[PDB]
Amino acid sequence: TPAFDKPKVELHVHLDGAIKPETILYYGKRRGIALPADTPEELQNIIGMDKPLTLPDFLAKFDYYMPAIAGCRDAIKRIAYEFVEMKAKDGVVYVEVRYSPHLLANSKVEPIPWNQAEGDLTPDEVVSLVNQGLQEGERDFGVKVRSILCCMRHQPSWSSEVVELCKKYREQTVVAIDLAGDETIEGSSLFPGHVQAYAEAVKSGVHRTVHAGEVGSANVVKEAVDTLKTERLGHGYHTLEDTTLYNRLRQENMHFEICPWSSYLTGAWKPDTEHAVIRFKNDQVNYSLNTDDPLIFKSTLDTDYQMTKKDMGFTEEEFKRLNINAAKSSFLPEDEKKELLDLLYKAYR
């Protein structure tokens, strides 16, 4: 069945979008919340999309399940644990996983997300709990995991906390800072809370990625590159819109975190068009293949590989260079990055 039967690298996946239905129900019941279902299968049917939707439509998906995990400590550790399990089934030898700590928390955060009564779970120990779950998963399932911590567009006040959390927990497991959630809010790349967070990340050596370009213009890409100093782009589809920018990113060997299946389901790509990744294939761009939200998009990594092999004529050779590009563009220290490279060179021959 699987389009690509070798080990794989993945750089772009959200933890809060990669929970098993079954364990949301488990915590729905056991805490009180009660979902719009009580069977795993129907749960995935309504909390999981299969044709494009608007943003409010999208966000209410989170409004369903997040109150069931956020706040509960053992929930937070278990989803980090089960994320590694899920990934071992995908054949991934190395993954970076991202999330917003604040969104899993029910105290020391204004506003309190998900409506949610107060309590005592702060952002700081959310990240310790996640990174316990993750370290255990690594040990039991033999996938290597690191994590990225997301800033949120609409909430520049969280952002100095995020860089500080990145520093406190560096190497183990957290390797980078991200910026997520609605790149359409005007001027959001340039909100002072975000820019000074990213400037702190330069100063102290935390690695940087930015979501720019999925649903927004090439201008928001440009700000991510020139003002936020990204090392990578999540998505970056719209840099095509601006050809000098595109060419520049080609020379600098910028890495696009591509999420094929997602981009259909979000509206970012319309089916009757050039998919941006085929252009990236033809141009020999430094890009990767990623799942984004396997919960919400009813998908595994093989969904993404499959789609590009069926409908876009991707071949096995391109699959290889892409995962190599992803290993090179990882936020691993260089010794550990050479080790990963070596594993992959052998596996691939």
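Superpose the two forms; the largest set of C-alphas matching within 1.5 Å is the rigid core. Numbers for residues come from their place in the sequence shown, where the first is 1.
Farther on average from this form in 7 other deposited structures of this protein lies stretch 31-39, the comparison being between 31-39 and 293-301 by RMS Cα distance after core superposition. Per-stretch RMS Cα distance to the displayed form in 7 other deposited structures of this protein, following rigid core alignment, is highest for 45-53 when 320-328 and 45-53 are compared. Here the stretch with the larger average CA B-factor, out of 7-15 and 335-343, is 335-343. Between the stretches 221-229 and 269-277, it is 269-277 that shows the larger average CA temperature factor.
Residue-level inspection of the entry shows that, of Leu301, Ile46, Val285, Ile324, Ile46 has the top Cα B-factor. Among the modelled residues of its chain, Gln306 has a C-alpha B-factor that falls in the middle third according to the deposited record. Sort the chain's modelled residues by C-alpha temperature factor and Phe141 lands in the middle third, per the entry.
Among all modelled residues in this chain, the alpha-carbon of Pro67 has a temperature factor (C-alpha) in the middle third. Split the chain's modelled residues into thirds by C-alpha temperature factor. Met312 is in the highest one. Split the chain's modelled residues into thirds by C-alpha temperature factor. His255 is in the lowest one.
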